[PDB]
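Read through the structure below, which is laid out as structure tokens, and then see the notes.
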Amino acid sequence: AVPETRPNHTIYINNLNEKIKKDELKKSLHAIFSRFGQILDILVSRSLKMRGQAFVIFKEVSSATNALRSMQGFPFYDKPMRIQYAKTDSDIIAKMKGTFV
RNA sequence: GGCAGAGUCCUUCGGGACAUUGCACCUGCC
């Protein structure tokens, strides 16, 4: 395939298991991604489109670049999964730039 | 303030049938 591949603040992971809880999927993303840097927050949805994926916000855009080079296609919930950068930024960073100026 | 969806619809929100390897940061009842 031909993925544009672009750097962003939040990364989107897909191809996950379809039987994870909300406190269990958010606790695993904060333990691995935090090892690289400090995480701000993690959101997980269980809708049809979101039936196996999550989003993590890194303190800086560089913190997500390293989390993808080492976690590119790694095991998360008893299964292999590839990570692709997110398409847009996170709404929490909208005010982190400086109380929305 | 309880609770689910965040996938569609009947709807008194009480319950109920049926689909999805797919870029989200959100609403409603009382």
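Numbering (the deposited numbering), first residue to last: 1 to 101.
Yeah, the Cβ is synthetic: ideal placement off N, Cα and C, and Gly gets one too.
Comparing C-alpha distances from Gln53 to each of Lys59, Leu68, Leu43 shows the shortest one belongs to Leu43.
Around the beta carbon of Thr88, a 10 Å sphere encloses fewer than 16 other beta carbons of the protein chains shown; the residue is thus reported as exposed. Excluding the 5 residues flanking it on each side, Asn14 has same chain C-beta neighbours closer than 6 Å at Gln53, in chain order. In the structure shown, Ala54 adopts extended strand secondary structure according to DSSP, grouped into three states.
Non-local beta-carbon contacts of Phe36 in its own chain, meaning distances under 7 Å to residues more than five positions away in sequence, involve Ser63, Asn66, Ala67 in chain order. The three-state secondary structure of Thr10, taken from DSSP, is strand. The C-beta distance from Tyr77 to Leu29 rounds to 11 Å, too long to meet the 8 Å contact threshold. Excluding residues up to 5 positions away in sequence, nothing lies with its Cβ nearer than 6 Å to the Cβ of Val2 in the same chain. The beta carbon of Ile57 lies closer than 8 Å to those of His9, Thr10, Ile39, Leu40, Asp41, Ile42, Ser90, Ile92, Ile93 in the same chain, with the five residues before and after it left out.
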